[PDB]
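Shown next: structure_28.cif, containing mmCIF, N, CA and C atoms and all ligand atoms.
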data_model
#
loop_
_atom_site.label_atom_id
_atom_site.label_comp_id
_atom_site.auth_asym_id
_atom_site.auth_seq_id
_atom_site.Cartn_x
_atom_site.Cartn_y
_atom_site.Cartn_z
N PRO A 1247 -22.84 -6.56 -5.40
CA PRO A 1247 -22.31 -6.21 -4.08
C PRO A 1247 -21.58 -7.35 -3.39
N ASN A 1248 -21.92 -8.60 -3.71
CA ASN A 1248 -21.31 -9.73 -3.03
C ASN A 1248 -19.84 -9.89 -3.38
N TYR A 1249 -19.43 -9.38 -4.54
CA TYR A 1249 -18.05 -9.53 -4.98
C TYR A 1249 -17.10 -8.82 -4.03
N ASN A 1250 -16.01 -9.50 -3.67
CA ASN A 1250 -15.03 -8.96 -2.74
C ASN A 1250 -13.69 -9.65 -2.99
N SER A 1251 -12.64 -8.85 -3.18
CA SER A 1251 -11.30 -9.36 -3.43
C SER A 1251 -10.30 -8.60 -2.56
N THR A 1252 -9.03 -9.00 -2.65
CA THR A 1252 -7.99 -8.41 -1.82
C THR A 1252 -6.65 -8.39 -2.56
N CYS A 1253 -5.82 -7.42 -2.21
CA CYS A 1253 -4.42 -7.38 -2.62
C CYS A 1253 -3.60 -7.89 -1.44
N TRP A 1254 -2.94 -9.03 -1.62
CA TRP A 1254 -2.16 -9.66 -0.57
C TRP A 1254 -0.68 -9.44 -0.85
N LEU A 1255 -0.06 -8.52 -0.12
CA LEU A 1255 1.35 -8.19 -0.28
C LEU A 1255 2.15 -8.91 0.79
N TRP A 1256 3.07 -9.76 0.35
CA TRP A 1256 3.87 -10.60 1.24
C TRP A 1256 5.31 -10.10 1.24
N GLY A 1257 5.84 -9.84 2.43
CA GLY A 1257 7.19 -9.33 2.58
C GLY A 1257 8.27 -10.26 2.05
N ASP A 1258 9.24 -9.68 1.34
CA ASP A 1258 10.39 -10.41 0.80
C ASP A 1258 9.98 -11.59 -0.08
N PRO A 1259 9.39 -7.33 -2.97
CA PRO A 1259 8.58 -8.32 -2.26
C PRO A 1259 7.68 -9.11 -3.20
N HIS A 1260 6.78 -9.90 -2.64
CA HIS A 1260 5.87 -10.74 -3.41
C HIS A 1260 4.47 -10.15 -3.35
N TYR A 1261 3.84 -10.01 -4.51
CA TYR A 1261 2.55 -9.35 -4.63
C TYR A 1261 1.49 -10.35 -5.09
N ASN A 1262 0.32 -10.28 -4.47
CA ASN A 1262 -0.87 -10.99 -4.93
C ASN A 1262 -1.92 -9.95 -5.28
N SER A 1263 -2.26 -9.86 -6.56
CA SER A 1263 -3.16 -8.83 -7.04
C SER A 1263 -4.59 -9.08 -6.55
N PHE A 1264 -5.49 -8.14 -6.86
CA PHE A 1264 -6.93 -8.38 -6.56
C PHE A 1264 -7.36 -9.57 -7.41
N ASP A 1265 -7.09 -9.50 -8.71
CA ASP A 1265 -7.38 -10.64 -9.62
C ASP A 1265 -6.31 -11.70 -9.37
N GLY A 1266 -6.48 -12.94 -9.85
CA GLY A 1266 -5.50 -13.99 -9.50
C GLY A 1266 -4.23 -13.84 -10.31
N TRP A 1267 -3.23 -13.14 -9.75
CA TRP A 1267 -1.98 -12.87 -10.45
C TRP A 1267 -0.90 -12.58 -9.42
N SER A 1268 0.23 -13.26 -9.57
CA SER A 1268 1.37 -13.10 -8.67
C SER A 1268 2.62 -12.78 -9.47
N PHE A 1269 3.49 -11.95 -8.90
CA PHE A 1269 4.74 -11.56 -9.53
C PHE A 1269 5.73 -11.16 -8.44
N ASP A 1270 6.97 -10.89 -8.86
CA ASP A 1270 8.05 -10.61 -7.93
C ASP A 1270 8.73 -9.28 -8.22
N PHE A 1271 7.96 -8.22 -8.45
CA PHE A 1271 8.54 -6.92 -8.72
C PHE A 1271 9.21 -6.36 -7.47
N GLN A 1272 10.26 -5.57 -7.69
CA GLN A 1272 11.00 -4.94 -6.61
C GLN A 1272 11.26 -3.48 -6.96
N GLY A 1273 11.47 -2.67 -5.93
CA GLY A 1273 11.70 -1.25 -6.13
C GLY A 1273 12.48 -0.66 -4.98
N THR A 1274 12.68 0.66 -5.06
CA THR A 1274 13.46 1.38 -4.06
C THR A 1274 12.78 2.64 -3.53
N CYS A 1275 11.81 3.21 -4.25
CA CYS A 1275 11.08 4.37 -3.75
C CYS A 1275 9.59 4.07 -3.79
N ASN A 1276 8.82 4.98 -3.20
CA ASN A 1276 7.40 4.74 -2.97
C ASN A 1276 6.65 4.59 -4.28
N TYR A 1277 5.73 3.63 -4.31
CA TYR A 1277 4.93 3.31 -5.48
C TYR A 1277 3.45 3.39 -5.13
N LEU A 1278 2.62 3.47 -6.17
CA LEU A 1278 1.17 3.55 -6.02
C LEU A 1278 0.60 2.14 -5.95
N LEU A 1279 0.28 1.69 -4.74
CA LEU A 1279 -0.31 0.36 -4.59
C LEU A 1279 -1.73 0.33 -5.15
N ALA A 1280 -2.54 1.33 -4.82
CA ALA A 1280 -3.87 1.46 -5.40
C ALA A 1280 -4.33 2.90 -5.22
N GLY A 1281 -5.34 3.28 -5.98
CA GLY A 1281 -5.84 4.64 -5.89
C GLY A 1281 -6.99 4.88 -6.85
N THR A 1282 -7.40 6.15 -6.92
CA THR A 1282 -8.52 6.54 -7.75
C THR A 1282 -8.18 6.36 -9.23
N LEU A 1283 -9.18 6.58 -10.08
CA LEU A 1283 -9.03 6.41 -11.52
C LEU A 1283 -8.05 7.44 -12.06
N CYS A 1284 -6.86 6.99 -12.43
CA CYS A 1284 -5.88 7.91 -13.00
C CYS A 1284 -6.35 8.58 -14.29
N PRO A 1285 -7.01 7.91 -15.24
CA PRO A 1285 -7.55 8.63 -16.39
C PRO A 1285 -8.91 9.27 -16.13
N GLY A 1286 -9.57 8.93 -15.03
CA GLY A 1286 -10.88 9.49 -14.74
C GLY A 1286 -11.95 9.12 -15.75
N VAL A 1287 -12.01 7.84 -16.13
CA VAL A 1287 -12.95 7.36 -17.13
C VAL A 1287 -13.92 6.40 -16.46
N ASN A 1288 -15.22 6.61 -16.69
CA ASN A 1288 -16.28 5.76 -16.15
C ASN A 1288 -16.26 5.76 -14.62
N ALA A 1289 -16.46 6.94 -14.05
CA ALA A 1289 -16.51 7.13 -12.61
C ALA A 1289 -17.82 7.81 -12.24
N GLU A 1290 -18.58 7.18 -11.35
CA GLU A 1290 -19.84 7.73 -10.85
C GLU A 1290 -19.86 7.60 -9.34
N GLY A 1291 -20.17 8.69 -8.65
CA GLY A 1291 -20.20 8.70 -7.20
C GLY A 1291 -18.87 8.29 -6.59
N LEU A 1292 -17.78 8.72 -7.20
CA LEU A 1292 -16.46 8.30 -6.75
C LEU A 1292 -16.09 8.98 -5.44
N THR A 1293 -15.32 8.27 -4.62
CA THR A 1293 -14.76 8.81 -3.40
C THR A 1293 -13.24 8.70 -3.43
N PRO A 1294 -12.53 9.74 -3.00
CA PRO A 1294 -11.06 9.69 -3.04
C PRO A 1294 -10.52 8.56 -2.18
N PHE A 1295 -9.47 7.91 -2.68
CA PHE A 1295 -8.78 6.86 -1.94
C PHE A 1295 -7.45 6.59 -2.64
N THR A 1296 -6.42 6.33 -1.84
CA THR A 1296 -5.09 6.08 -2.39
C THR A 1296 -4.24 5.42 -1.31
N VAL A 1297 -3.69 4.26 -1.62
CA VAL A 1297 -2.78 3.55 -0.73
C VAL A 1297 -1.44 3.40 -1.44
N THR A 1298 -0.37 3.85 -0.77
CA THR A 1298 0.98 3.82 -1.31
C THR A 1298 1.92 3.25 -0.27
N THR A 1299 2.97 2.58 -0.75
CA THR A 1299 3.94 1.92 0.11
C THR A 1299 5.34 2.27 -0.35
N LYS A 1300 6.32 2.01 0.53
CA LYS A 1300 7.71 2.32 0.26
C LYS A 1300 8.56 1.09 0.58
N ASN A 1301 9.50 0.78 -0.31
CA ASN A 1301 10.35 -0.39 -0.17
C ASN A 1301 11.81 0.03 -0.23
N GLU A 1302 12.67 -0.79 0.37
CA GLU A 1302 14.10 -0.55 0.31
C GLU A 1302 14.83 -1.87 0.54
N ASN A 1303 16.13 -1.86 0.23
CA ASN A 1303 16.94 -3.05 0.37
C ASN A 1303 17.24 -3.33 1.84
N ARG A 1304 17.75 -4.54 2.10
CA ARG A 1304 18.06 -4.98 3.46
C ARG A 1304 19.48 -5.53 3.56
N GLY A 1305 20.29 -5.38 2.51
CA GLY A 1305 21.65 -5.86 2.55
C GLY A 1305 22.11 -6.49 1.26
N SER A 1306 21.17 -6.75 0.35
CA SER A 1306 21.49 -7.30 -0.96
C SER A 1306 20.72 -6.54 -2.02
N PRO A 1307 21.34 -6.25 -3.16
CA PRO A 1307 20.65 -5.47 -4.20
C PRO A 1307 19.40 -6.14 -4.74
N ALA A 1308 19.35 -7.47 -4.76
CA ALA A 1308 18.29 -8.20 -5.43
C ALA A 1308 17.06 -8.41 -4.55
N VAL A 1309 17.08 -7.96 -3.30
CA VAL A 1309 15.96 -8.15 -2.39
C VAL A 1309 15.53 -6.80 -1.83
N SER A 1310 14.22 -6.59 -1.73
CA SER A 1310 13.65 -5.38 -1.16
C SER A 1310 12.48 -5.75 -0.26
N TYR A 1311 12.27 -4.94 0.77
CA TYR A 1311 11.21 -5.17 1.74
C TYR A 1311 10.47 -3.87 2.02
N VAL A 1312 9.27 -4.02 2.56
CA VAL A 1312 8.38 -2.89 2.82
C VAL A 1312 8.78 -2.24 4.14
N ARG A 1313 8.84 -0.91 4.16
CA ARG A 1313 9.17 -0.16 5.37
C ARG A 1313 7.96 0.56 5.95
N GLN A 1314 7.28 1.37 5.14
CA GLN A 1314 6.16 2.18 5.60
C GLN A 1314 4.99 2.04 4.63
N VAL A 1315 3.79 2.25 5.15
CA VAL A 1315 2.57 2.16 4.35
C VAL A 1315 1.73 3.41 4.59
N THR A 1316 1.23 4.00 3.51
CA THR A 1316 0.49 5.25 3.58
C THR A 1316 -0.82 5.14 2.82
N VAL A 1317 -1.87 5.72 3.39
CA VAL A 1317 -3.18 5.84 2.76
C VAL A 1317 -3.59 7.31 2.85
N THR A 1318 -4.56 7.68 2.02
CA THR A 1318 -5.06 9.06 2.02
C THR A 1318 -6.49 9.07 1.50
N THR A 1319 -7.43 9.40 2.38
CA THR A 1319 -8.84 9.48 2.02
C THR A 1319 -9.47 10.69 2.70
N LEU A 1320 -10.33 11.40 1.96
CA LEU A 1320 -11.20 12.43 2.52
C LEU A 1320 -10.42 13.48 3.31
N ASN A 1321 -9.37 14.01 2.68
CA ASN A 1321 -8.50 15.01 3.29
C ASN A 1321 -7.93 14.51 4.62
N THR A 1322 -7.51 13.25 4.63
CA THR A 1322 -6.90 12.66 5.82
C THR A 1322 -5.88 11.63 5.36
N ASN A 1323 -4.61 11.87 5.67
CA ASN A 1323 -3.53 10.96 5.30
C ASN A 1323 -3.08 10.18 6.52
N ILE A 1324 -2.97 8.86 6.36
CA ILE A 1324 -2.62 7.94 7.43
C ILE A 1324 -1.30 7.28 7.06
N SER A 1325 -0.31 7.39 7.94
CA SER A 1325 1.01 6.82 7.70
C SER A 1325 1.35 5.86 8.83
N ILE A 1326 1.92 4.71 8.47
CA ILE A 1326 2.31 3.69 9.44
C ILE A 1326 3.74 3.27 9.15
N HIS A 1327 4.57 3.26 10.19
CA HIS A 1327 5.94 2.78 10.13
C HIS A 1327 6.12 1.63 11.12
N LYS A 1328 7.35 1.14 11.23
CA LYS A 1328 7.65 -0.03 12.06
C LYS A 1328 7.93 0.43 13.49
N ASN A 1329 6.86 0.84 14.18
CA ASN A 1329 6.99 1.34 15.55
C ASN A 1329 5.91 0.84 16.50
N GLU A 1330 5.09 -0.12 16.09
CA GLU A 1330 4.07 -0.78 16.92
C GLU A 1330 2.97 0.16 17.39
N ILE A 1331 2.93 1.41 16.93
CA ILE A 1331 1.87 2.33 17.31
C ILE A 1331 1.35 3.01 16.05
N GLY A 1332 0.40 3.92 16.22
CA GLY A 1332 -0.27 4.49 15.07
C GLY A 1332 0.60 5.39 14.22
N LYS A 1333 0.99 6.55 14.76
CA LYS A 1333 1.71 7.57 13.99
C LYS A 1333 0.93 7.97 12.74
N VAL A 1334 -0.40 7.97 12.85
CA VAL A 1334 -1.27 7.96 11.68
C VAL A 1334 -1.88 9.32 11.35
N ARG A 1335 -2.07 10.19 12.34
CA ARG A 1335 -2.87 11.39 12.14
C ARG A 1335 -2.26 12.30 11.09
N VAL A 1336 -3.07 13.27 10.64
CA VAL A 1336 -2.73 14.15 9.53
C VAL A 1336 -1.41 14.85 9.81
N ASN A 1337 -1.26 15.38 11.03
CA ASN A 1337 0.00 16.00 11.40
C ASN A 1337 1.15 15.00 11.45
N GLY A 1338 0.85 13.72 11.62
CA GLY A 1338 1.87 12.71 11.76
C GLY A 1338 2.28 12.40 13.18
N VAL A 1339 1.59 12.96 14.17
CA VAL A 1339 1.92 12.70 15.57
C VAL A 1339 1.70 11.22 15.88
N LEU A 1340 2.53 10.68 16.76
CA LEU A 1340 2.38 9.29 17.17
C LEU A 1340 1.09 9.11 17.95
N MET A 1341 0.40 8.00 17.69
CA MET A 1341 -0.89 7.72 18.31
C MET A 1341 -0.94 6.27 18.76
N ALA A 1342 -1.83 6.00 19.71
CA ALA A 1342 -1.96 4.68 20.31
C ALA A 1342 -2.78 3.77 19.40
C1 LIG B 1 -16.49 -8.46 1.26
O1 LIG B 1 -17.23 -7.35 1.90
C2 LIG B 1 -16.75 -6.90 3.18
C3 LIG B 1 -15.83 -5.73 2.92
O2 LIG B 1 -14.60 -5.88 3.61
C4 LIG B 1 -16.09 -8.03 3.94
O3 LIG B 1 -16.16 -7.78 5.34
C5 LIG B 1 -16.80 -9.33 3.61
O4 LIG B 1 -16.34 -10.37 4.46
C6 LIG B 1 -16.55 -9.71 2.15
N1 LIG B 1 -17.57 -10.63 1.68
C7 LIG B 1 -17.32 -11.65 0.85
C8 LIG B 1 -18.50 -12.50 0.48
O5 LIG B 1 -16.19 -11.88 0.43
#
In structure tokens, how does this file's structure come out?
Ligand SMILES: *[C@@H]1O[C@H](CO)[C@@H](O)[C@H](O)[C@H]1NC(C)=O
Amino acid sequence: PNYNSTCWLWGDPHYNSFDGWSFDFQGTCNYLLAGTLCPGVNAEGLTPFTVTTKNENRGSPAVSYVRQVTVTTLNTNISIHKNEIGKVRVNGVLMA
């Protein structure tokens, strides 16, 4: 239980994995940052979870940055954009 790690995503993008690994992958449409077991192998007492992000260019083909971040757990999807407020609820209504 004491074990705890993090995925550190740095804009302009640069990724730091849970394990110690860094790379400079870039993309243009939404990707699966993390989620449940895609093959469904060795899962006990699993709970749904999925975090996905979307990237796009900013003026040069070779650079991409993060625009929106989405999560989805327990029949509840949370979406965040660059608007300083929530916009998180299932319907997508803006929230404080
Ligand atoms: C990992 O467990 C919780 C989960 O976020 C966190 O608050 C805590 O600070 C972390 N503990 C350690 C030892 O890294």
Quick one: distance from atom C of residue A:1267 to atom N of residue A:1307 in Å, one decimal?
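Atom-to-atom, atom C of residue A:1267 to atom N of residue A:1307, that is 24.0 Å.
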Within-6 Å residues of ligand LIG 1 (chain B), basis all atoms listed in the file, as JSON, numbers by chain:
{"A": [1248, 1249, 1250, 1251]}
Residue contacts of residue A:1342 (8 Å, only C-alpha atoms) excluding same-chain residues fewer than 3 positions away, as a list in words
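The neighbour list is residues 1331, 1332 and 1333 of chain A.
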Please identify all polymer residues within 12 Å of residue A:1266, counting only C-alpha atoms, omitting same-chain residues fewer than 5 positions from it, and present them as a PyMOL selection string.
chain A and resi 1251-1254+1261
I'd like the interatomic distance between atom C of residue A:1315 and atom CA of residue A:1286, to a tenth of an Å.
23.9 Å
